[PDB]
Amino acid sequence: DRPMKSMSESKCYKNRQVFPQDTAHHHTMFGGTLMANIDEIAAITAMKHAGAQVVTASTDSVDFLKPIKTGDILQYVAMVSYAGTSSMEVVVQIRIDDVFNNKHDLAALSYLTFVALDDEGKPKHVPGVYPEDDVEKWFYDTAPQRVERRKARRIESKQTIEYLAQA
């Protein structure tokens, strides 16, 4: 079998305030901005895990649970919850860090899939992954099914592409 890394090894933090330039609606963060930051921190985690350059292959989901207001401090935590052959599932959690009353509510949750690449751009084999704490193993344990859904979606999506191609 392959070399294995702990989910803790690639675990990445990012803290960032919401500035007016991140908003669309009055004092409310715009989803596109949030998505760009999610992709940023997730890509960094995939790089650490893969020890390589990575690209986003797909955004499997972003659930926006809560409105995020200007001034809010956001904590992003990305980790690798699943390692395929050349691919990684990164799960990102985004919390609002309210310094005034010390709550850290979950504001969003995202799954993305990254592919590790060579010096010359072909998909590159990534190490395996194992959890240590409880959260890590929750994401680790529930990943096989998400991988499963993704396969079906990749089937349907190919159907759509092929239809558009002939039109």
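The numbering used is simple: start at 1 and walk along the sequence shown.
Decide which of the stretches 82 to 90 and 69 to 77 has the higher mean C-alpha B-factor, going by the entry. Higher mean C-alpha B-factor in the PDB entry: 82 to 90.
So 132 to 140 or 42 to 50, which one's hotter by mean CA B-factor in the entry? Higher of the two, by average CA B-factor, is 132 to 140.
From 118, 63, 98, 60, residue of greatest CA B-factor: Checking the PDB record, the top C-alpha B-factor among 118, 63, 98, 60 is at 118.
Would you please rank residue 12 by its C-alpha temperature factor against the other modelled residues of its chain and give the third it falls in: lowest, middle or highest? Lowest third.
Just say lowest, middle or highest third for the CA B-factor of residue 102 relative to the other modelled residues in its chain. Ranked within chain, residue 102 CA B lands in the highest tercile.
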